[PDB]
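Data block below; observations after.
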Ligand SMILES: Nc1ncnc2c1ncn2[C@@H]1O[C@H](COP(=O)(O)OP(=O)(O)OP(O)(O)=S)[C@@H](O)[C@H]1O
Ligand SMILES: Nc1ncnc2c1ncn2[C@@H]1O[C@H](COP(=O)(O)OP(=O)(O)OP(O)(O)=S)[C@@H](O)[C@H]1O
Ligand SMILES: Nc1ncnc2c1ncn2[C@@H]1O[C@H](COP(=O)(O)OP(=O)(O)OP(O)(O)=S)[C@@H](O)[C@H]1O
Ligand SMILES: Nc1ncnc2c1ncn2[C@@H]1O[C@H](COP(=O)(O)OP(=O)(O)OP(O)(O)=S)[C@@H](O)[C@H]1O
Ligand SMILES: [Mg+2]
Ligand SMILES: [Mg+2]
Ligand SMILES: [Mg+2]
Ligand SMILES: [Tl+]
Ligand SMILES: [Tl+]
Ligand SMILES: [Tl+]
Ligand SMILES: [Tl+]
Ligand SMILES: [Tl+]
Ligand SMILES: [Tl+]
Ligand SMILES: [Tl+]
Ligand SMILES: [Tl+]
Ligand SMILES: [Tl+]
Ligand SMILES: [Tl+]
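Protein chains in written order, with the entry's author numbering: chain B, 395 to 525; chain G, 2 to 525; chain A, 2 to 525; chain H, 2 to 525.
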């Protein structure tokens, strides 16, 4: 519990800490709603990514037994570092409640997940060994 | 016949599977954001409809046990239709939600008999809470508002109903028929309506209405049980002679005489319709002669020396159009002498004076009010023929909604009435833990109608239902405009009667189905 | 390796099915009215036993998912055995009852995480209530009563234990070995016991005990990690020369050196046994030299210039019998100079004087008390050889029960202790409805042990459990005599420790199993 | 290994089916009107035999569960053989009859634990009743009668036994070996017999006897556990040098050293045989030196400075033929100085004088009586070689029957002893109804041995058993002559010991099998 704590603190210095509970991404989602591409197909590509940013929060709520749709809708209505605490089933300021994620980890989690999805969406042919 | 028998958990899962087919086929047609259901016919083109009744009627499954389940909840939909005419889909979505959640508890290991009592207590309390939430329609100005929004924002429809109810009263009899020309007509003619229905469902020649209709029909009256058709033959012989329809009002019609008229009418030989006599016992014999002088016939009771064999056109009662529902018969505009009509009216208004008992007073008053009061007729005026059709089809429904708006009132629509009741009964408890869950099953079932409308609208039902519960009163969701607000102000409203019927009936069947342990059906 | 993955309800039913096999195979052997379970062996005759541990160990299912379930609750039975030595069957009957009723709630649609917390809170409260119901064994007269009834009404057994505990104390170390002749002997010899176990389970040469045993074993001591066997070779070369067993006490034994000794011992070449050093850090280096002068060896830490290659019999510690459990090692009667034993004892009794901290005082006191205090030895006296066997087998168990009778005490047997706790926690509630059921699951699980004993006795469990609940206190059912009465007065009692272990462990696994959603295993 | 588990009724029917195969294969060989059972061998001709043991040994079923059943009752047959040598078929016919009728009651819905106790009480009473029916053989004239009829009316056999028992006594040791010439010889030579058996069954080089035999064998004596073969090697090196067999008497022989001698002996390299030391504890160390001076070896206990590596032929004990049964070892005619034999005898006859305790007196008396008393040898005299065979094979059995005739006596044969006990225990009752049936099961099982003999004789068993029950005393049925009469007068008799063993053992297994609820075996 020192090894992990050092790893989190390391990332807390390099890039900082954002609001946890997957609210950081869902907060970014509402702030990029005006973002557009070059054609209609690119425009959907953005909306795919923005609706993907809601999923981490939605998944935590699903494990908590509560309806993810209701909770995500409430978090989006309020602004800032206002989120859902799944441990206590209480809403409030995430930073004040000690729920936080190092910015570095959330940046890595998003970038990498997009990198592979990008490669997989552009896949047309697959070659493997015969059963 | 060899039978198949299933027990317990094995037997129940076949019902649930069965009801889920009928429910899912009907629940898709809920609300104004509803979907179309296509029903196949052997002859030509398929029928595309949103009518939850038409869809329900068609469902019949292969697996005999599944079929039973489906056919059980179907019996409710049709009965909700019999009570109000509206809310058949709303009944079915409720029934499913009580059954699905109910059976879950039974399978968890809870007492079905305690679960039923939990539901019924929650319902009796919900009907009681619903009456408090109801906004009555008293004056003829608020009555016009209900007839307008029910006929798709048509002010001409609501104006006619208000004028019709101002003539015969709120208890009075109102009927709609085809128009003569270009303007809507309204007359009050000498007629009567009583509480009996068709003695067989094979007389329904207006399948859309689900009722019987006879133009200028000759009417028969006799106090006795018609079993042999021998006595009917000379009457039927003279009816196809000068071909006009025939109404049979008797103590009853049994076996041989009855089962002949059915294959008789469908083949095309003679238009017939059979109904039990009005009332029972003493009033039976008087309400017949009440019909008689309303129609201009004769009572042929087998007493003085009168038979059905020597009964001609001369001995029969004539009226210029009759309608017979499942449990409603009405004779519009009969013959008879008007002075001998008031001469029969004053023959019974004289009884009330000598009425030494207060019960006679009750049942002598019901006669005259519908006998000298009469029956109203709304003749629907349109220019083109296709416009004459739709204006009739949107007055009939509008009258049915207005009828219920007077009797019990109107609650907030959008399925919010039930979801408002749900939050107000959260403190309700039973006698044991098993009863307590039975209540919570019923309360979570009341959320389903709203949730289903939102599902059809494409929006997430969980989000919308959660928002409606947070706000209070007649605040709900408009699925047509995708806007929140006051339902009453937006014209979205349901007659209290239809929502009460939809809930009660759906609970009644679910209660019976939850307490099911054994099923017996024919072998495949 | 290709894997098979099952989710949710599908995944859980495979566990339940799996645990139900292991449980039903073990629950039949509960109580004194228990049934025999026959276990097949490839070589010769089958084993007929009532021992719930032996039956549990053998269960391993074909369906990989079912196997997992079974193997999960098996991990508890064995761990209950590790904590007390008793109540392995009682653990398993509990675990089943929590799982079966738990999963029922999950399938009904309740939060597993709330169900777990409900169970654990009910358990933490039950352990707390159990301590209050416990009747302590303080004086050596009531200690004799427990050792008597545990060894089948034998007064000679209980007398020996009481005399042994009067010599070394309640915290003192007591060991049983084979007798010399016709009378029971009791000496206190210079020995020590510490909290480490066998570094591999393949040294168990007494399968019934589930432990290791070495007669006149040579002992090795070195502070470092033994990974290569190169350094061990010259030591092992001189041990088969004058063939006597060998005890390896080191910081640890890793990989190559360890995995060789296992195929070494089972083949028959050299009797070995490997154990981690006593304690960690600072006391590690001192408790080694505490063993050293207890045994008469030397600490060969790689500091001054000492290696394991130049380490003969001369540099090794000798003792006249050692035992090694899973988590218990004990060196009985070592060599060393007695004056240099007290010379090492007074080298550490001198530390307590200079002990500027109160923690040193704690961990300098534990050394000497088990070092100059010693280890007791009960030499079992019998006439015939077959009588020498059973008297040993009924002292070992009797000592284990008496040990637990001192540490936590004894509650009322017959599974009434738990059923008494059940009625006293009926007012216990959680935070939400789902937690509330979690408690009621645990309380109805506490009834099962009693109910299972009654089932084996042939009587209806429902009737007997209902009668025990009506009466209060230590009033229960005697399955042997089919009589009701005071359990304590009838000699039917369970050490509090075993019942606490049986409940806690069974809840711990059920808690983990209820919160299971996904299972991953190898493909068939 | 994946396992298959069956429960309850399903599990039991597989046992019954299993035992019925073994029983029906053995019960056909009962009595003198018995049938032949043919046993196949891979090498050459099949074996035709009537020996119930040889048939039992061969049975092993395909269905793993059935096999278990069969293998369970097989364990009894072999154990009855170990107790008496006779009545293995009579045991098996009893066991079946208790199991078949027992399981019938269990399936009817009766408590197995009450059924077992009912049987065992009926048995304990039957053994008690059997002792009363027994006619003892005291004088050496009635002892001659038993040895005569057991060896097929041969008077020469019975004369030798009586003369042998007149030399060493009734407790004395009597052995038979091959003759030198034409007359039967009888000498009393210095020897001893003790209560230990072969440490492995793979030394049996006389398969018909089921025992080990070594001609002029060298004997080893050491008090310690032989685990490594390193210490044995120099001893074994000098034995194949001047090739003579070897007897290993030690505290024990463990693992590596033991499992080598087995693949050693069967290959053909060195004739070995391993046995535990005589007695345990103190007498262990003295009875070794009791063997020593009986044999002329030395005790090589690891005390003074003596090892097994420096132990030559010179340090070993010599005797001129040893036999080792499963639980019987006997050293016939050893070396040693006769004056130092009486010098060791008077070294222990001196102990009894100083014996301050009465227990020493008991266990110092057993030594000398079999040490200075000796062992008898009957050298079988015949003319031809084939006649030398059979005369040996009919003295060995005749000695075994006579042995049991002295210890407990002889009851009436023809299975009438048990059927006589059956009628005398008809008033015996248990504690509840279920126990009462348990007794009646055992009593109807006692009829089966007789009934089976009659079945082989071709006559109806029901008729004969009914006739035997009507008459009283030692009146029974002679199956050989098809005549009724006094069994004792007709020479038909069974040693009480064999009938007691046959009943007790058959009940012991049936008791365990009736209380079976779960079976665990390997997957097919
Ligand atoms: N009380 C809480 N309420 C809501 N979210 C929480 C709470 N506590 C932690 N979290 C969120 O939990 C998320 C992390 O989930 P984890 O289970 O740690 O999975 P992970 O970090 O992706 O991978 P692992 O399993 O740690 S290697 C973080 O983004 C936190 O924001
Ligand atoms: N704009 C609206 N927004 C939300 N709900 C509406 C709206 N308009 C009507 N409703 C609801 O629609 C529900 C009725 O659905 P319908 O489709 O009429 O089904 P039904 O009445 O159960 O049976 P049928 O099909 O009429 S026979 C009523 O309860 C209204 O509250
Ligand atoms: N005469 C009796 N009547 C009722 N219960 C009894 C009686 N004697 C013992 N018991 C109960 O028997 C229970 C123990 O059953 P056991 O067969 O010992 O199973 P276990 O202790 O869980 O595991 P094993 O098999 O000993 S390793 C104890 O809780 C006693 O309360
Ligand atoms: N002439 C006879 N008539 C009736 N019974 C007889 C007669 N001769 C012997 N017996 C009975 O035969 C029974 C013994 O049967 P055996 O064939 O010897 O089987 P067993 O003794 O059980 O086992 P084996 O085969 O000897 S190892 C004895 O109990 C005798 O009572
Ligand atoms: Mg509608
Ligand atoms: Mg126990
Ligand atoms: Mg025999
Ligand atoms: Tl929750
Ligand atoms: Tl609809
Ligand atoms: Tl007419
Ligand atoms: Tl929409
Ligand atoms: Tl047990
Ligand atoms: Tl040693
Ligand atoms: Tl019983
Ligand atoms: Tl035989
Ligand atoms: Tl020899
Ligand atoms: Tl015969």
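Ideal placement from N, C-alpha and C gives every residue a C-beta, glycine not left out.
Mapping DSSP to helix, strand and coil, what is residue 193 of chain A?
-> strand
Pick helix, strand or coil for residue 457 of chain B, following the three-state DSSP scheme.
-> helix
Return the first residue and the last residue of the alpha helix (DSSP H) that residue 462 of chain A is part of.
-> 462–471
Under the DSSP definition of a beta bridge, which residues are partnered with residue 48 of chain H?
-> H/40
Starting from the C-beta of residue 207 of chain G, find all residues in its chain whose C-beta is less than 7 Å away, skip the five residues before and the five after it, and write them out in chain order.
-> 214
In chain G, what lies closer than 7 Å to residue 467 of chain B by C-beta?
-> Ordered by position in chain G, the residues that pass the 7 Å Cβ test against residue 467 of chain B are 464.
Classify residue 519 of chain B as buried or exposed, calling it buried when 16 or more other Cβ atoms lie within 10 Å of its own Cβ.
-> exposed
In terms of residues, what are the limits of the alpha helix (DSSP H) holding residue 265 of chain G?
-> Per DSSP, residue 265 of chain G belongs to the alpha helix (DSSP H) from 256–268.
Residue 134 of chain G burial status per 10 Å Cβ neighbour count (16 or more: buried) | buried
In angstroms with no decimal places, state the Cα-to-Cα distance between residue 78 of chain A and residue 237 of chain A.
-> If you draw a straight line from the Cα of residue 78 of chain A to the Cα of residue 237 of chain A, it is about 38 Å long.
Amino acids of chain B, ordered along the chain, whose beta-carbon sits closer than 7 Å to that of residue 112 of chain A = Below the 7 Å Cβ cutoff, chain B contributes 459 as neighbours of residue 112 of chain A, in chain order.
Just reading off the beta strand (DSSP E) that residue 496 of chain A is part of, what are its end residues?
-> 494–496
Is it buried or exposed for residue 200 of chain H, if we count other Cβ within 10 angstroms and need 16 for buried?
-> buried
Going along the chain, which residues of its own chain have a beta-carbon closer than 6 Å to the beta-carbon of residue 458 of chain B, five neighbours each way excluded?
-> 480
Quick one, are the C-beta atoms of residue 294 of chain A and residue 341 of chain A less than 8 Å apart?
-> yes
Check whether residue 248 of chain G and residue 227 of chain G have beta carbons under 8 Å apart | no
In whole angstroms, what is the alpha-carbon distance linking residue 149 of chain A and residue 121 of chain H?
-> 27 Å
Could you tell me whether any non-hydrogen atom of ligand 14 is closer than 7 Å to the CB of residue 533 of chain A?
-> The displayed coordinates of chain A run from 2 to 525. Any statement about residue 533 of chain A would go beyond what the structure contains.
Express the C-alpha separation of residue 210 of chain G and residue 406 of chain G in angstroms, rounding to a whole number.
-> 21 Å
Three or more beta-carbon pairs under 8 Å between the region 178–191 of chain G and the region 426–442 of chain G, yes or no?
-> Between the region 178–191 of chain G and the region 426–442 of chain G, the count of Cβ pairs shorter than 8 Å is below three; the stretches do not touch.
Quick one: using the 10 Å Cβ neighbour count with 16 as the cut-off for buried, is residue 345 of chain H buried or exposed?
-> buried
Just how far apart, CA to CA, sit residue 250 of chain G and residue 173 of chain G?
-> Cα-Cα distance, rounded: 23 Å.
Coarse secondary structure for residue 188 of chain H, derived from DSSP in three states = strand
From residue 267 of chain G to residue 329 of chain G, what distance separates their C-alpha atoms?
-> When rounded, the distance between both Cα atoms is 22 Å.
Burial state of residue 429 of chain B, where buried means 16 or more other Cβ atoms lie within 10 Å | When all chains shown are included, residue 429 of chain B counts as exposed.
Per DSSP, residue 520 of chain H is paired with what?
-> A/39, H/7
7 Å CB neighbourhood of residue 212 of chain G in its chain, flanking five on each side removed | 205, 324, 325, 326
Contacts around residue 165 of chain H, its chain only, beta-carbon distance under 7 Å, and the 5 residues preceding and following it disregarded = The residues 175, 187, 377, 379, in chain order, have a CB closer than 7 Å to that of residue 165 of chain H in the same chain once the five nearest residues on each side in sequence are set aside.
Given a threshold of 16 other Cβ atoms within 10 Å of its Cβ, counted over all protein chains shown, does residue 514 of chain B qualify as buried or as exposed?
-> exposed
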